[PDB]
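**Q** Build the 3D model from these lines:
(12 chains, ligands or ions: 1)
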Amino acid sequence: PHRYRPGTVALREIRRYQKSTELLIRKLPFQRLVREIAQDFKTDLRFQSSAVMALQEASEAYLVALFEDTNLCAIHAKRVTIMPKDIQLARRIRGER
Amino acid sequence: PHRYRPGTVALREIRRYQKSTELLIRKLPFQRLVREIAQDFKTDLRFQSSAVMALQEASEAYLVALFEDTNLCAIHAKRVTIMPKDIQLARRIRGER
Amino acid sequence: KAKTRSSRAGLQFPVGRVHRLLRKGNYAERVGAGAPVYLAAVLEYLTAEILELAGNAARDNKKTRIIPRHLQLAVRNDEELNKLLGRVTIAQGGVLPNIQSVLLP
Amino acid sequence: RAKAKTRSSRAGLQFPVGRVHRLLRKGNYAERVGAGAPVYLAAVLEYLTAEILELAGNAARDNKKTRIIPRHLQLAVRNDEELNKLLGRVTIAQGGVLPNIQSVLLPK
Amino acid sequence: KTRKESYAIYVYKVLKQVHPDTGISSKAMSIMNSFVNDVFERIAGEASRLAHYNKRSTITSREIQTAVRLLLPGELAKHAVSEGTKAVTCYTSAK
Amino acid sequence: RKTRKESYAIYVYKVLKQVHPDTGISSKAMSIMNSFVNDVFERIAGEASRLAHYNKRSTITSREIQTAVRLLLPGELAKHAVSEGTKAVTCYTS
Amino acid sequence: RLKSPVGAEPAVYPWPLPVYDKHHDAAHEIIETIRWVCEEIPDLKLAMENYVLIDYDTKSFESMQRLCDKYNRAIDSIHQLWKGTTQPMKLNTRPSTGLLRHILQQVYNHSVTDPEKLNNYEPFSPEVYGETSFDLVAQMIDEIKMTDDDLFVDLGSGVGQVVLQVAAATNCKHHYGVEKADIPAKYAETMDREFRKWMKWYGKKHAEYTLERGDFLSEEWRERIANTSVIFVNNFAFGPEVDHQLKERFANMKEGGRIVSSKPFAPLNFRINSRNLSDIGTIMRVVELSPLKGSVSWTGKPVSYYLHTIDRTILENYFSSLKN
Amino acid sequence: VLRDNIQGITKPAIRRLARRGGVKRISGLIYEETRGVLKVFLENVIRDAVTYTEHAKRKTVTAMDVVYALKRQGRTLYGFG
Amino acid sequence: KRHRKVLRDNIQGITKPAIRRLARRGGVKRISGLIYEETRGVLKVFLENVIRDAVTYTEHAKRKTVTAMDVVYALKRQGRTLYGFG
Amino acid sequence: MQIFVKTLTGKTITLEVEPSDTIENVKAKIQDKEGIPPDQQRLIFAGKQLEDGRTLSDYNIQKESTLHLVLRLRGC
DNA sequence: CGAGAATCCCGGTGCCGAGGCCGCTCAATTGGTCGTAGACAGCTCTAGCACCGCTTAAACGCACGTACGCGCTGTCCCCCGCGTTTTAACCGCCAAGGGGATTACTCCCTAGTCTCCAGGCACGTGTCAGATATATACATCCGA
DNA sequence: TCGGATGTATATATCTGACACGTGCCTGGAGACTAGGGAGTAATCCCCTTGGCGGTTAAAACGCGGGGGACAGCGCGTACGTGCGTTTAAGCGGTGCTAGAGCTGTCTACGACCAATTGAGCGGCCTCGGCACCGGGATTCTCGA
Ligand SMILES: Nc1ncnc2c1ncn2[C@@H]1O[C@H](CSCC[C@H](N)C(=O)O)[C@@H](O)[C@H]1O
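**A** Numbers count the residues shown, from 1 in each chain, chains lettered A, B, ... in the order given. For reference, the structure is listed below:
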């Protein structure tokens, strides 16, 4: 019944995700999401799969930068765990909305 | 020996400074500072006093926006008082440096 | 022969001056027909929105003369123009009168 | 009746003077385009490309690789001091991020 | 003796169209002047980038419309779209 | 048969070989570098255009490119890039 | 009237003393000169504690006559020490550190007599009249053992007080210097002639130098750059035309050219490829020299001059890699 | 027409992005908050990209339109033109 | 009086209550002491960023003078646009 | 006939040379067995740069004249 | 610290993009002209620029004192780690199909030239909205 | 919870000097006509995109101890407020003043523009080799001891 303590299984594969970097997002449900949220702006929008992969890369890096600054928010709050008030804080300071 | 509690003399004149808004920065030592820090980039830089007043307005609003987001940092840290780690946090999240 | 092509489009912002800046601005080879007309119309509508928001603060402060404080409160107290002009700064006005939650004893 | 030289060799360089000059004309940037301007601009791109591929090949040899993949460009950007400040508003696909561990999350 | 072509009288006329019984300080006039040049240059550069991005050489009203729908927040953008639509319609009917 | 689209690929090849003799590039990274150089090109072109607008010219020269380089690049990056342009325009001059 | 210690011509002074400013003008200067005479061989502090006190009224010609006559009696006492069976003085000995700092400040006062028209100069060109303290130059001299062969070049000498510091410091044969802006070149001639008279008045050796009023574009300076190893100019406000031209001048030089710069010609961590064969950082080692480092200069941050030192072993090991 | 696809962004996927960003421990509301933020960001970009594609009078979304919308976002993703 | 027109110490000119004055503008109930030095450093770096740009504008316009237009265009390239001067 | 070059790497290079060989011929040979671009390769022959219009025997370069690899840098 | 749990690396196997080479444009490049754009003399004039009187608000320190920061302590609860059980992910295959690049082929829209012209911008004006002195009610705080 | 006592808007005489309104003029802005070339459309043709079937399966979803962070308060000392002398430098407002910024008259470099001329540069064809991948085995934490 060997089981690691928490934080281990965090930091190992934090290392693997920071090194092995491909998409880390299942692009078929992602692509169905993009097709749905684009369908409401205009019906019958053909894509390029290259364009949807570009969207995946952009959203990936966007949420990762948001996560990093949000992690800085939680560290500055002296909290190991991230709560979504950190996210709202970071989006307020960056001035998205 | 009438003396207010702290927080009063904060919030009154927080109201006055948010309403009565002119420069709130002594423009002659400010102007000597600007002349000094511009002198190192190039000697003998004549100004326009309008330009230096524009610098005062810009730096005023810049530091005030920094202060507001820094205050949000301290509130999110559940701290009433602002420490300069809040400033470093806010400049990191805004991505100045 | 006074013509005033903005009023010939029913407007207030100049057709010839905006067309001059488009020809000077190197924005394309040629300037289209309705392009400075539509441009001046959108400018006039946005400026009307701004001054409509400025006159409200003029009412608020018993002032018959619009000031930078009026402009500041007009821009910041908007929702969408605040989003448009968040990276935009106005001198001489100040900020919103804004007190946070946990500072009031 | 002389033979045609080339302006990049006339500049003693590697980047296309003619293509940059064509894009400056077709870019609608000014009415007219100076002579030394696309030369200078091709040099600026030459220095930037050389500087980024220096660090790209550095990261590639650090991973002992020959075909430079986007990972090494990503690391070349965000590991350099001035380049990241240049390219803070810049996102590069297929690279992921730096090895970035917040030390307070590390255990004892 | 020189010319610094401000847009002050335009602000005068629009202010008398929307709030006729109030004035303006010249400081506020310069603020609005910088505002108008900002909005102009942003929409103009947006349309110029659009003209290069679609391989064409003549920025027209549809291009400015796309530039507005890009650059402004959306509901006010649709308002300004309708305003300029009716205005260009008035330019066509009274050419 | 395809239409001769522009790219920077042979010049990235020349730069890549002249910095490292036996180093390659992935084609994704090739398109990245092409987009990068087009980005930097558009930035410097727009800034020189705004400068010529701000000083009322018609012909952007290498003076304006130098100034926009000095405006846009951070620090020692600019300090070397202007010298690269100096050498290159000097070589092109004669 | 203050003599050289070998009984030579006295440094004659006017009454009133030459007023340059209010903060540390020439009244305090003569007094500190004889405070360095107290820092010399001590046969005068016995009289300097007496009535040359810090308390004295402004424009004390009484303290001036006291100071001059006590110094004349001190030189007469050193002469009564000398004139027996004793040699007077070794000539070629050098001034010490703070002594030479006083000497350079002394040449600055007694030569630079109009900083105002020195401030009133022309627009953007390498005419930027920014100077360097005694101390970074002194530490740089400590960093670079300038021999009788390793001379110094200041193309764009300004007023060349740095060159005088190098001359009075090292064991060099000669030094170079040239200048383009007219008012500081005329005042540099004043600095030259006065400082030579000053080192006469101290009886101590200063090394040779050539300060000029001219340019660097000529092939004469190409040849002289190829001759002389150790080179510095405060190049920070010159523009990359001039600086790259000077790189091209430095290309033809000998190995180990201990060349200091202010703004560097190459990064401190420079690496070679095949592109930079035309460039200049390949054939040199680019290292940072130590600043003041307590430096409320022009810059509130320290100054941090930068040494370049010629080394083509980088490029020859690059040739070994080209074999590889 | 489609549905449920914002929850198609999965709890492991947000977890994988978090473990890339350096997140040690996640809270529960992080998932729905991140989905909402992603949805707002994607609407802002995709509306612009659709505006480009319709302005080209085309029906097919290119990579370049996404590139131009990200250029409006001050982000400017490479790899595509 | 006088010598070379050199300014050497003016960071204190952003004074202790003026920083406090701007913090009360920002709506701060209570301020630590290190905010003073930190804010002086931050403003100094920000002014370096703007003033390099404005000086560069002056050098390209080949003047000796800092106009308001230089400052406005400098802040325009900062991505923090200021109005009221052009 | 065979001459030499004392490099600043100290490589006493074997030079397959003949009096019929030019200066550029030896420069290309140094490019061959050294990898060095011959744009710069001054060789100290009694304090003279050798020029490709002449040959080895035009300078009458004696065999075992151990020259010196000088780099008149013509990236330039 | 020792069994486990990954993990680094070594080496063998194959593979599909890079990449060198092949043909064939058309865009660079030479060589001309031809207008014209900023470049430099050269000039007015105004606007920072010291300076100082001279008052003066305000900063600076300082005894107090107090609200806060935070180390700490239970506590609790909720995410984490790995396990078992689904489930579309994903990879390839077939097949249409419409949509985006192309040629072709006019067409009509704007650049440009010329000419009138009127309205925008110094310029100068009155002039009156508000700034400020002086008194006057009042949301809030000290505290019993 | 409200007496004392505050600096808090409200109100009103008295400047005043910034701000709305003629003005005049001239100088950039509005029509007539060309033309030619960007651009709109007719046609089409290939080609990438969508959609579906099927096979595998990694990967996602519940769940369940458990253990580590969140979090509530405390208390204690600390630093940060505050009125107040003091003290200190700052602003307002006079002076000249001059250095630098804006306008003008060439004008000559000096780059748009067209036309030979062709060769660098791109579409496409093997190819093969760095890398993808897999499999084995040495190497390295680890977490309950
Ligand atoms: N090419 C050149 N030839 C001669 N002098 C030059 C020059 N380029 C610039 N200068 C001069 O170099 C001087 C530098 S000012 C340096 C001051 C002094 N050397 C010091 O630092 O202590 C300027 O006055 C300028 O006139």
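**Q** Please count neighbours and contacts with C-alpha atoms only from this point.
**A** Noted.
**Q** Please list the residues of chain A that sit near chain C.
**A** Contacts of chain A with chain C, taken as CA under 8 Å from any CA of the partner chain, map to A:95, A:97.
**Q** Find the centremost residue of chain A, please.
**A** residue A:63 (3.7 Å; CA atoms, centre = their mean).
**Q** what's the answer for chain C, then?
**A** residue C:47 (3.3 Å).
**Q** quick one: that residue is in a helix?
**A** Yes. Counting by DSSP: H, G, I helix; E, B strand; the rest coil, residue C:47 is part of a helix.
**Q** in the longest helix seen in chain A, what's buried?
**A** If you go by DSSP state H, chain A has its longest helix at helix A:49-76. The neighbour-count check on helix A:49-76 (16 or more other CA atoms under 10 Å in any protein chain shown) flags A:51-61, A:63-76 as buried.
**Q** Also stretch H:49-68?
**A** H:49-56, H:59, H:61-68.
**Q** show me what contacts the residue nearest to the centre of chain C?
**A** Residues in contact with residue C:47, defined by CA atoms under 8 Å, 6 or more residues apart in numbering or on different chains, are E:14, E:36.
**Q** how much space between the residue in the stretch 1-150 of chain G positioned nearest to chain H and residue I:70?
**A** Nearest residue of the stretch 1-150 of chain G to chain H (CA to the nearest CA) works out as residue G:124 at 35.3 Å. From residue G:124 across to residue I:70, the span is 17 Å (CA to CA, to the nearest Å).
**Q** For chain C, which segments count as strands?
**A** When secondary structure is read from DSSP state E, chain C shows strands at C:30-31, C:65-66, C:88-89.
**Q** Now tell me what touches the last one from outside.
**A** Looking back up the chat, that one is strand C:88-89. Against strand C:88-89 from outside (CA under 8 Å, 6+ apart): B:58, B:61, I:80-83.
**Q** 6 Å instead, please
**A** Residues outside strand C:88-89 that contact it (CA atoms under 6 Å, 6 or more residues apart in numbering or on different chains): I:80-82.
**Q** In strands only, show me those residues.
**A** Those of these lying in strands (DSSP E): I:81-82.
**Q** returning to what we had before: reformat the strands of chain C into a markdown table and put mean neighbour count next to each item.
**A** Supplementary listing: those in a markdown table, determined by neighbours: other CA atoms under 10 Å in any protein chain shown:
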| stretch | mean neighbour count |
| --- | --- |
| strand C:30-31 | 16 |
| strand C:65-66 | 20 |
| strand C:88-89 | 20 |
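**Q** what would those look like in CSV with distance to DNA strand K?
**A** Rendered in CSV, the data for the strands of chain C read as follows (distance: least, CA to the nearest atom of the strand, whole Å):
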stretch, distance to DNA strand K
strand C:30-31, 3
strand C:65-66, 5
strand C:88-89, 23
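**Q** any chance of these in a markdown table, plus distance to residue G:273?
**A** Shown next, in a markdown table, are the strands of chain C (distance: least, CA to CA, whole Å):
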| stretch | distance to residue G:273 |
| --- | --- |
| strand C:30-31 | 47 |
| strand C:65-66 | 63 |
| strand C:88-89 | 45 |
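**Q** coming back round to it: cross-check the buried residues of helix A:49-76 against chain B and keep the overlap.
**A** residue A:69 (CA under 6 Å from any CA of the partner chain).
**Q** which one's the longest helix in chain E?
**A** From DSSP H, the single longest helix across chain E is helix E:26-53.
**Q** I'd like to know which elements it is packed against.
**A** Applying 3 or more CA pairs under 6 Å, 6 or more residues apart in numbering or on different chains; DSSP states H and E, one finds that helix E:26-53 contacts helix E:61-71.
**Q** Tell me the residue of chain A that sits nearest chain I?
**A** For chain A, CA to the nearest CA, closest residue to chain I: residue A:95, 12.6 Å.
**Q** Number of residues surrounding the residue of the stretch 1-150 of chain G closest to chain H?
**A** Using other CA atoms under 10 Å in any protein chain shown, residue G:124 has 17 neighbouring residues.
**Q** and if you look at residue G:319?
**A** Going by other CA under 10 Å, the residues that sit close to residue G:319 add up to 17.
**Q** Wait, a strand at it?
**A** No. Counting by three-state DSSP, residue G:319 falls outside a strand, being helix.
**Q** Tell me the spacing between it and the ligand.
**A** 35 Å (CA to the nearest ligand atom, to the nearest Å).
**Q** those helices in chain J, which residues are they?
**A** Using DSSP H, helices in chain J cover J:23-34.
**Q** OK, contacts around the residue in it positioned nearest to chain F?
**A** Going by CA to the nearest CA, chain F is nearest to residue J:76 of chain J, at 8.9 Å. Residues in contact with residue J:76 (CA under 6 Å, 6+ apart) are residue G:278.
**Q** rerun at 10 Å
**A** Going by CA atoms under 10 Å, 6 or more residues apart in numbering or on different chains, residue J:76 touches D:12, F:87, F:91, G:248, G:251, G:276-280, J:39.
**Q** Likewise for residue G:289?
**A** G:136, G:139-140, G:143-144, G:260-262, G:303-308.
**Q** Repeat the analysis, applying 6 Å as the threshold.
**A** G:305-306.
**Q** Likewise for the one 3 residues further on?
**A** Contact analysis of residue G:292 by CA under 6 Å, 6+ apart lists residue G:136.
**Q** That one belongs to a helix, doesn't it?
**A** No. Looking at residue G:292 with three-state DSSP, it is coil, so not inside a helix.
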